[PDB]
Amino acid sequence: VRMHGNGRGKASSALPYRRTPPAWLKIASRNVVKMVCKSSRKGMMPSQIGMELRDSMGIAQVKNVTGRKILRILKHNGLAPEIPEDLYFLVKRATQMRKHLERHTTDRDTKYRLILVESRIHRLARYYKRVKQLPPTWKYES
Amino acid sequence: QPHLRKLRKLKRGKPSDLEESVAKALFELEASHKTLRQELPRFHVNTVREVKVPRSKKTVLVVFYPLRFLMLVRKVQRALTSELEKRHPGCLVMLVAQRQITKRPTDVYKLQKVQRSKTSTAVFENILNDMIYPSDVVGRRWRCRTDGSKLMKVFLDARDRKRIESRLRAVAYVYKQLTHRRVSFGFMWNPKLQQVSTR
Amino acid sequence: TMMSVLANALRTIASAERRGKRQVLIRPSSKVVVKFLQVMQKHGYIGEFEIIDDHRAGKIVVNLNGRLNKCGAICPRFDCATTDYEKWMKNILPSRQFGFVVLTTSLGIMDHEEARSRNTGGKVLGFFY
Amino acid sequence: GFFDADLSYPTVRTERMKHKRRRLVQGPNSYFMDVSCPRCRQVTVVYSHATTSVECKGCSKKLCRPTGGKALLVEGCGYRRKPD
Amino acid sequence: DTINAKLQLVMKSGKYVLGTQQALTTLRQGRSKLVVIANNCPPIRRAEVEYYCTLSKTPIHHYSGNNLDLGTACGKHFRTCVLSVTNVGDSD
Amino acid sequence: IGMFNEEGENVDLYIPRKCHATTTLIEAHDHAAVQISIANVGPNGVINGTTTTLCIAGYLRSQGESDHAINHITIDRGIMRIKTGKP
RNA sequence: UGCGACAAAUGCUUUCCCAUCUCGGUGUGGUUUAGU
RNA sequence: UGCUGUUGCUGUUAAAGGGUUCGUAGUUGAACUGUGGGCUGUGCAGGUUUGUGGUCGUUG
Ligand SMILES: [Mg+2]
Ligand SMILES: [Mg+2]
Ligand SMILES: [Mg+2]
Ligand SMILES: [Mg+2]
Ligand SMILES: [Mg+2]
Ligand SMILES: [Mg+2]
């Protein structure tokens with residue numbers, strides 16, 4: 001929306017003031033942890049896991065039930081993604097564009113989008129290197 | 001005596017009258033009550049504190065329990081407080097977990113190391129949640145009057161009005177006695193739209 | 001990107017006072033903003049204000065008596081020795097008879113007259129009159 | 001008329017029209033419904049704005065279809081809005 | 001692509017083997033659960049692997065990319081013509 | 001009210017009126033500032049000898065907000081009733 | 001290797017894996033039961 | 001001479017916003033860990049307790 005563009009979208013989710021899980025939610029904390037851990041083992045990113053629980057099990061917030069975030073639960077079980085989830089998606093974005101630009105060399109719009117995606121990667125990767133979620137000497141390669 | 005197991009080992013030697021009465025009630029409930037039977041054996045209390053609410057009837061029995069039993073208490077708190085209240089006529093029973101507060105450091109490097117749950121703000125809001133547990137805070141305001149006072153008003157869901165309104169004055173006084181901080185209570189019928197109830 | 005919460009808050013109050021509004025909503029809130037508001041409230045330039053908790057940077061609703069001609073923040077927070085109070089009063093205050101310069105001292109956030117009486121310097125936060 | 005607005009305590013009329021992030025205190029527009037499958041009557045909790053292929057365990061029948069906003073429950077489905 | 005996500009998951013948690021010869025070895029045993037063949041594969045080698053898969057009742061997937069693309073999707077820096085996952089590793 | 005000498009003289013030429021809506025000083029040159037006197041009514045429908053008078057600044061009468069300001073003031077003064085009584 | 005007294009910010013009198021099977025208190029009606 | 005402008009300039013048309021993006025140095029950068037408490041004397045503001053021309057059923 002904002003970074004690398006003129007978009008000024010405000011679309012987002014508004015978390016509630018009342019954090020207590022509803023009285024009708026009878027799922028225990030341990031069973032939720034097994035759910036997220038088995039959903040990650042099924043191959044879902046933390047965002048996909050949360051949407052699955054939200055839409056099917058009635059678990060609005062995993063943190064409000066188990067006291068822990070979904071990524072934190074995966075880290076405790078060692079299931080956390082090696083590369084952070086968003087950096088993974090941007091890298092997948094850049095790869096898919098580059099595959100497209102191999103065949104369409106005249107697609108200058110996708111070339112312009114590619115520069116933004118990579119110039120975004122080199123700040124996200126700088127952040128993860130400074131925060132040590134990524135190894136030092138981690139470089140994005142075209 | 002077997003009921004003395006419902007006290008911390010330090011207090012078992014010379015228990016108080018209030019502590020022994022609460023311990024005896026807990027020991028009886030651990031077998032008599034169906035729901036309490038599954039939780040009370042793993043449970044014991046620290047001490048029982050009596051609070052006299054001015055310009056009001058009855059007293060408040062503040063029961064301190066170790067913070068490690070927080071989830072255990074929250075499971076059966078409504079049943080537990082109701083049972084203890086009928087055991088003690090002319091009293092109100094409040095289950096407050098004993099929490100430790102680390103004094104705010106004067107050093108920026110020590111401040112980064114403070115456990116956020118041990119801050120006074122976190123502890124005081126947790127104590128307030130303890131005393132009104134079946135209801136939850138739906139809003140919080142600070143009225144800063146022109147004379148320099150800053151009074152905090154806490155809003156509860158208007159559904160719980162018929163269940164907690166009688167004890168709200170006792171909650172406010174016990175909160176001031178424990179935290180040395182003042183609190184006022186209001187009710188919102190539409191907490192989503194921040195709509196206060198007139199009565 | 002918002003860089004100064006205090007400057008944003010004081011700008012919002014000054015606009016509301018110019019338009020003659022009775023109340024103004026301030027967002028986001030901060031400890032410095034509330035401390036600044038209490039200083040103005042102490043001297044009677046604003047009425048009662050209410051802090052609304054939303055589990056984030058809160059909001060403040062300030063009731064406005066029409067006594068506040070202008071309030072504003074001074075950026076950056078220039079250092080001010082006890083000998084520099086007269087310089088700042090000359091530069092930013094309309095007169096030597098009224099108006100206040102707000103300082104961040106080690107003794108807290110206070111007006112320049114109070115800071116001078118306590119023999120303490122600090123950083124200039126803003127002004128109101 | 002004659003009732004000047006108070007910013008701290010808005011009228012339910014004006015506040016109800018606010019965008020969820022423009023309210024005095026922001027909050028969700030969504031909710032949960034317990035939905036009865038049209039084949040087995042098994043109660044399933046379905047998010048109002050569900051977007052990922054809700055299936056009823058058992059019959060494996062799609063209870064809702066994702067839309068731009070709120071999900072669309074399958075025809076002949078029994079749902080009730082859950083509290084809170 | 002769904003197969004790319006499944007392959008990434010198998011690399012993360014499951015067990016797999018790369019190369020045509022090791023894939024044939026896993027097929028001769030009862031160990032292979034899925035065989036992925038690049039569209040680059042030589043036709044006779046692809047026919048041989050498909051025949052082994054048919055005899056062993058093993059599912060066979062024809063990857064949309066070439067051996068370079070399959071190696072990249074496996075997270076490898078080399079090319080693979082045939083992939084054989086021995087343990088799905090909770091994938092599917 | 002007004003500036004004062006050290007000895008105690010009032011010093012000021014005059015004390016300008018303040019708008020009852022926005023408290024702004026009413027200057028001598030605006031010429032759009034008005035004074036409205038509302039007659040006081042006794043228990044009977046007849047009016048007394050006293051009146052209630054409010055001052056409105058000229059700029060508020062330019063913005064078109066003088067009617068709203070008078071409504072608010074009249075309600076605060078206990079002269080006007082916000083809502084009709086219960087049926 | 002035992003032994004005594006304490007704590008403990010998170011329940012091992014747990015969790016998981018197999019297998020056998022109307023009464024009180026409170027307010028002027030809500031509350032944990034327990035009979036329908 | 002506020003015509004060098006930190007205090008303190010100007011940039012639609014007078015001289016002056018880079019054609020558009022990206023971008024290192026550099027500058028700038030969102031909240032939160034936090035109301036001390038009673039006691040006494042002294043001057044102020046409003047949650048209810050006996051008493052003491054209006055609305056309101058018919059003392060209310
Ligand atoms: Mg930028
Ligand atoms: Mg010039
Ligand atoms: Mg020009
Ligand atoms: Mg331009
Ligand atoms: Mg810096
Ligand atoms: Mg800051």
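The chains referred to below are lettered A, B, ... by the order of the sequence lines, with proteins before strands, and numbering in each begins at 1. Below, each value reflects all heavy atoms present in this structure, side chains not excepted, and no hydrogens, waters or symmetry copies.
G:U1: sugar pucker north (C1'-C2'-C3'-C4' torsion positive). Here H:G2 has a south sugar; its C1'-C2'-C3'-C4' angle has a minus sign. Sugar conformation at G:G11 is south: the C1'-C2'-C3'-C4' dihedral has a negative sign, consistent with the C2'-endo side. Regarding nucleotide H:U52, the torsion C1'-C2'-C3'-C4' is less than zero, so its sugar is described as south. Pucker assignment for H:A31 gives north. The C1'-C2'-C3'-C4' angle has a positive sign.
Distance, B:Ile101 CD1 to H:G36 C1': 12 Å, rounded to whole Å. If you measure from atom CD1 of C:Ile51 to atom P of H:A31, you get 15 Å, rounded to the nearest angstrom. Per the geometry, CG belonging to B:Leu7 stands 17 Å off P belonging to G:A5, to the nearest Å. Atom OH of B:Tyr173 is separated from atom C1' of H:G37 by 12 Å (rounded to the nearest Å). Remark: P of H:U35 and NZ of B:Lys176 are 14 Å apart, rounded to the nearest angstrom. If you measure from atom CZ of A:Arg30 to atom P of G:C16, you get 6 Å, rounded to the nearest angstrom. One atom, CG of B:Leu29, and another, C1' of G:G25, lie 13 Å apart when rounded to the nearest Å. Counting to the nearest Å, the P atom of G:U13 and the CG atom of B:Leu36 are 19 Å from each other.
No N or O donor and acceptor, one from the side chain of B:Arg163 and one from the base of G:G30, sit under 3.5 Å apart. Under 3.5 Å, the side chain of B:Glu83 and the base of G:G25 form no donor-acceptor pair of N or O atoms. Side-chain atoms of B:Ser117 come within donor-acceptor range of the base of G:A9, with a qualifying N/O pair under 3.5 Å. Scanning atom types as modelled, one donor and one acceptor separated by under 3.5 angstrom connect the side chain of B:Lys86 and the base of G:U32.
For B:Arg181 and B:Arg145, each mapped to the nucleotide of RNA chain H holding its nearest heavy atom, the one lying further toward the 5' end belongs to B:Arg181. When the nearest nucleotides of RNA chain G are assigned to B:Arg68 and B:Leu92 by heavy-atom distance, the more 5′-ward of the two goes with B:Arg68. Between B:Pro89 and B:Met71, the one whose closest nucleotide on RNA chain G sits nearer the 5' end is B:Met71. Between C:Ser29 and B:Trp142, it is C:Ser29 whose nearest contact on RNA chain H lies nearer the 5' terminus.
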Next on the checklist: Pair F:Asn48, F:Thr50 - check side-chain hydrogen bond (donor to acceptor under 3.5 Å, both in side chains), show working.
Outcome noted: CA-CA 6 Å; F:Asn48 313 130; F:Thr50 58; 4.7 Å; no

Next on the checklist: Go through it in stages, so that I can follow the logic: the residues are A:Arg68 and A:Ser29, the test is side-chain hydrogen bond (donor to acceptor under 3.5 Å, both in side chains), and I'd like the CA-CA distance, side-chain angles, deciding distance and then a yes or no.
Outcome noted: CA-CA 10 Å; A:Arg68 292 144 284 168; A:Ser29 172; 3.1 Å; yes

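For the P atoms, the distance linking H:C9 with H:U4 amounts to 12 Å, nearest Å. Only the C1' atoms considered, G:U22 is 11 Å distant from G:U36, to the nearest whole Å. Between the P atoms of G:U1 and G:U10, the separation comes to 25 Å (whole Å). Only the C1' atoms considered, G:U26 is 47 Å distant from G:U20, to the nearest whole Å. The gap from the P atom of H:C3 to that of H:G8 amounts to 14 Å, rounded to the nearest Å. Comparing the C1' positions of H:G18 and H:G23 gives a spacing of 15 Å, expressed to the nearest Å. With both ends at atom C1', the span from G:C23 to G:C18 equals 44 Å, rounded to whole Å. Taking atom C1' in both H:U40 and H:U35, one finds a spacing of 23 Å when rounded to whole Å.
Taking the ring centroids of B:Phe69 and B:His44, they lie under the 6.0 Å cut-off.
Within the nucleic acid shown, B:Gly90 comes within 4.0 Å of sugar-phosphate atoms alone, with no base atom in reach, counting heavy atoms only. Across all strands shown, A:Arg123 has heavy atoms under 4.0 Å from sugar-phosphate atoms exclusively, and none from any base. Within 4.0 Å of C:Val5, counting heavy atoms only, lie sugar-phosphate atoms of the nucleic acid but no base atom. Nucleic acid contact class of B:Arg99 (heavy atoms, under 4.0 Å, all strands): base. The residue B:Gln115 sits close to a base: some heavy atom pair falls under 4.0 Å. Residue contacts for B:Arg116: at a heavy-atom cut-off of 4.0 Å it reaches a base atom on one of the strands shown. Across all strands, B:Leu84 comes closer than 4.0 Å to no nucleic acid atom at all (heavy-atom distances). Among the protein residues, C:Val33 comes within range of no part of the nucleic acid, since none of its heavy atoms lies under 4.0 Å from any strand.
Taking the syn range as angles within 90° of 0, the glycosidic angle of H:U49 is outside it, so the base is anti.
By the 4.5 Å heavy-atom criterion applied to side chains, A:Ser142 and A:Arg98 are counted as neighbours. By the 4.5 Å heavy-atom criterion applied to side chains, A:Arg41 and A:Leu79 are counted as neighbours. Between B:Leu156 and B:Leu168, the closest side-chain pair of non-hydrogen atoms falls below 4.5 Å. Contact check for A:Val65 versus A:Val62: no side-chain heavy atoms found under the 4.5 Å cut-off.
Set against G:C12, H:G34, G:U14, the side chain of B:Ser120 has H:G34 as its closest nucleotide. Comparing H:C32, G:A9, G:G11 by their closest approach to the side chain of C:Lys31 singles out H:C32.
Applying the salt bridge (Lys or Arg N to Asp or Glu O under 4.0 Å) test between C:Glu48 and each of B:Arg141, B:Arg145, B:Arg143 identifies B:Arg143 as the sole match.
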